[PDB]
Amino acid sequence: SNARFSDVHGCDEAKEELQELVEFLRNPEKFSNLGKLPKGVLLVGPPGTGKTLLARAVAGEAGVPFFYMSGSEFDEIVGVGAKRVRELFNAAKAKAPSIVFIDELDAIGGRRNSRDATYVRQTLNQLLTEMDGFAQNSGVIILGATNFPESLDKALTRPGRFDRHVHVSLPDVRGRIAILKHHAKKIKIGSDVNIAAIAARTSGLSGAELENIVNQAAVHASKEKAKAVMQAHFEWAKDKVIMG
Ligand SMILES: Nc1ncnc2c1ncn2[C@@H]1O[C@H](COP(=O)(O)OP(=O)(O)O)[C@@H](O)[C@H]1O
């Protein structure tokens, strides 16, 4: 089963804004008849805040294919980037409406070395060509995730490309409660568990780390042959995730 919005907690504003992307992908013709359409949307936030989960959730809510691409695939220098970019969008266009998710978009079009210049330029221009090539109601939504929006190439954020953004920040104490409670639905919660106390002791943690706390507490409780996941198991898992 694909992701849904009910899997995303601690950033209600982001999913509310992205619901518009779901409504477009469900019916691009009906969406356009009211009169501006989105092509590229930037997801901005630290690692583990659920940018990939949101992108997958938008495809799941809309019922459209999801295509993944990582900007990190060009970290070493290795292969032809433009061929990778061209083939990905061809598969997405053939399955439109669809979602293309570009993780670590800051990597594409980076400065890098003068030796890297010919490699970086061809990959960047290929992405720019595919985005500019979407006609009318092409059906393809491009979601780009980055932790460093100031590091993006200026060509990427020009009008008609990645000209809309959605912040996916670290959850506050209320969001951490919602995240902890959501993943705690899958565990047998003990009688002394205080999720609010745990959320108050996890300021700065991402949703991924919070999910890790719930899962590590359940495993630790199972190893001790306990009948339920107790507060001591959450405290142990919290310290393990925080110390890294
Ligand atoms: N906001 C969130 N709400 C619920 N779970 C989350 C959230 N953010 C992250 N997670 C959990 O952490 C996992 C990894 O998150 P991910 O989408 O890869 O984050 P990102 O792409 O921002 O680094 C998700 O599959 C999910 O289980």
# chains A, B, ... in the order shown; residues from 1 in each chain; ligands from 1

$ select_by_dssp --residues "stretch 4-78 of chain A" --states "alpha helix (DSSP H)" --output "JSON, numbers by chain"
{"A": [12, 13, 14, 15, 16, 17, 18, 19, 20, 21, 22, 23, 24, 25, 26, 28, 29, 30, 31, 32, 51, 52, 53, 54, 55, 56, 57, 58, 59, 60, 61, 62]}

$ write_last_selection --atoms "C-alpha atoms" --output "CSV table (one decimal), in the first residue's frame"
chain,number,residue,atom,x,y,z
A,12,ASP,CA,-0.6,20.0,8.9
A,13,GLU,CA,0.1,23.2,7.0
A,14,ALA,CA,2.3,21.3,4.5
A,15,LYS,CA,-0.2,18.6,3.7
A,16,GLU,CA,-3.0,21.1,3.5
A,17,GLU,CA,-1.1,23.1,0.8
A,18,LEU,CA,-0.1,19.8,-1.0
A,19,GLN,CA,-3.8,18.8,-1.1
A,20,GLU,CA,-4.0,21.1,-4.1
A,21,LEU,CA,-1.4,19.0,-5.9
A,22,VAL,CA,-3.5,15.9,-5.2
A,23,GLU,CA,-6.6,17.5,-6.6
A,24,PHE,CA,-4.7,18.5,-9.8
A,25,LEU,CA,-3.3,15.0,-10.3
A,26,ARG,CA,-6.7,13.4,-9.8
A,28,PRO,CA,-5.8,17.9,-14.5
A,29,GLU,CA,-8.5,18.9,-17.0
A,30,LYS,CA,-11.1,19.8,-14.3
A,31,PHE,CA,-8.4,21.6,-12.3
A,32,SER,CA,-7.3,23.8,-15.2
A,51,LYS,CA,9.6,15.3,2.6
A,52,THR,CA,9.9,12.0,0.8
A,53,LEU,CA,6.9,10.7,2.7
A,54,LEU,CA,4.8,13.7,1.7
A,55,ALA,CA,5.8,13.3,-2.0
A,56,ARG,CA,4.9,9.6,-1.9
A,57,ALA,CA,1.7,10.5,0.0
A,58,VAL,CA,0.7,13.0,-2.7
A,59,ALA,CA,1.0,10.2,-5.3
A,60,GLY,CA,-0.9,7.8,-3.0
A,61,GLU,CA,-3.7,10.2,-2.3
A,62,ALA,CA,-4.0,11.0,-6.0

$ residues_near_ligand --ligand "ligand 1" --cutoff "8 Å" --atoms "only C-alpha atoms and all ligand atoms" --output "VMD selection string"
chain A and resid 7 to 11 45 to 55 103 145 168 171 179 182 to 183 206 to 212

$ residues_around --residues "stretch 128-144 of chain A" --least-positions-apart "6" --cutoff "8 Å" --atoms "only C-alpha atoms" --output "ChimeraX atom specification"
/A:21,25,28-29,32,38-43,55,86,89,92-93,96-105,155-156,160-162

$ closest_residue --among "A:116, A:150, A:87, A:235" --to "residue A:75" --atoms "only C-alpha atoms"
A:116

$ select_by_dssp --residues "stretch 47-185 of chain A" --states "strand (DSSP E or B)" --output "list in words"
residues 66, 67, 68, 69, 70, 98, 99, 100, 101, 102, 103, 140, 141, 142, 143, 144, 145, 146, 162, 163, 164, 165, 166 and 167 of chain A

$ write_last_selection --atoms "C-alpha atoms" --output "compact mmCIF listing (two decimals), in the first residue's frame"
# COMPACT_ATOMS: atom_id res chain seq x y z
CA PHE A 66 5.69 7.74 -8.23
CA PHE A 67 9.14 8.08 -9.82
CA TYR A 68 12.20 8.63 -7.62
CA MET A 69 15.45 10.44 -8.43
CA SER A 70 18.24 11.38 -6.02
CA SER A 98 2.45 11.07 -12.30
CA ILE A 99 4.92 12.44 -9.75
CA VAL A 100 8.67 12.88 -10.18
CA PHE A 101 10.47 13.32 -6.85
CA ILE A 102 14.00 14.73 -7.03
CA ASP A 103 15.74 14.23 -3.70
CA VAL A 140 3.50 15.48 -14.44
CA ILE A 141 4.20 17.14 -11.09
CA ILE A 142 7.85 17.54 -10.10
CA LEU A 143 8.62 17.65 -6.37
CA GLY A 144 12.15 18.67 -5.39
CA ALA A 145 13.43 18.24 -1.85
CA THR A 146 16.35 20.21 -0.46
CA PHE A 162 10.50 25.34 -9.25
CA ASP A 163 8.63 28.57 -8.51
CA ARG A 164 6.56 27.30 -5.56
CA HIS A 165 7.83 25.99 -2.23
CA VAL A 166 6.44 24.30 0.88
CA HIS A 167 8.36 24.30 4.16

$ residues_around --residues "residue A:108" --least-positions-apart "2" --cutoff "9 Å" --atoms "only C-alpha atoms" --output "short mmCIF file (atom, residue, chain, number, x, y, z; two decimals) with N, CA, C and O atoms, in the first residue's frame"
data_model
loop_
_atom_site.label_atom_id
_atom_site.label_comp_id
_atom_site.auth_asym_id
_atom_site.auth_seq_id
_atom_site.Cartn_x
_atom_site.Cartn_y
_atom_site.Cartn_z
N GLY A 71 19.40 13.51 -6.23
CA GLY A 71 20.51 14.37 -6.62
C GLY A 71 21.86 13.82 -6.20
O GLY A 71 22.87 14.16 -6.82
N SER A 72 21.89 12.98 -5.17
CA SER A 72 23.11 12.37 -4.68
C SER A 72 23.72 11.40 -5.69
O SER A 72 24.89 11.02 -5.54
N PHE A 74 24.90 11.96 -8.35
CA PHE A 74 26.00 12.62 -9.05
C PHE A 74 27.06 13.14 -8.08
O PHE A 74 27.80 14.06 -8.42
N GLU A 104 17.40 15.81 -2.91
CA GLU A 104 18.67 16.55 -2.92
C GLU A 104 18.84 17.35 -4.21
O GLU A 104 19.85 17.25 -4.90
N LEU A 105 17.82 18.15 -4.54
CA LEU A 105 17.85 18.96 -5.75
C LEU A 105 19.01 19.95 -5.75
O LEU A 105 19.45 20.37 -6.83
N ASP A 106 19.53 20.33 -4.58
CA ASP A 106 20.67 21.24 -4.51
C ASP A 106 21.91 20.67 -5.20
O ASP A 106 22.79 21.45 -5.60
N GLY A 110 25.10 22.26 -9.13
CA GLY A 110 26.05 22.79 -8.18
C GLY A 110 27.30 23.33 -8.85
O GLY A 110 27.60 23.03 -10.01
N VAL A 120 28.19 18.71 -14.97
CA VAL A 120 27.11 19.33 -14.23
C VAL A 120 26.17 20.09 -15.16
O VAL A 120 24.94 20.04 -15.01
N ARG A 121 26.73 20.78 -16.16
CA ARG A 121 25.90 21.60 -17.04
C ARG A 121 24.95 20.75 -17.86
O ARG A 121 23.78 21.10 -18.03
N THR A 123 23.70 17.78 -17.15
CA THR A 123 22.64 17.23 -16.31
C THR A 123 21.61 18.30 -15.95
O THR A 123 20.40 18.05 -16.00
N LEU A 124 22.08 19.50 -15.60
CA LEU A 124 21.18 20.59 -15.25
C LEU A 124 20.32 21.01 -16.44
O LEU A 124 19.10 21.15 -16.32
N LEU A 127 17.48 18.58 -17.14
CA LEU A 127 16.35 18.79 -16.25
C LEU A 127 15.56 20.03 -16.66
O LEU A 127 14.32 20.02 -16.67
N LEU A 152 20.51 26.17 -4.28
CA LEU A 152 19.93 25.79 -5.56
C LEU A 152 20.44 26.71 -6.66
O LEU A 152 20.70 27.90 -6.45
N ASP A 153 20.56 26.15 -7.86
CA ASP A 153 20.91 26.95 -9.03
C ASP A 153 19.78 27.91 -9.36
O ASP A 153 18.60 27.56 -9.26
#

$ atom_distance --atom1 "atom CA of residue A:126" --atom2 "atom CA of residue A:107"
14.2 Å
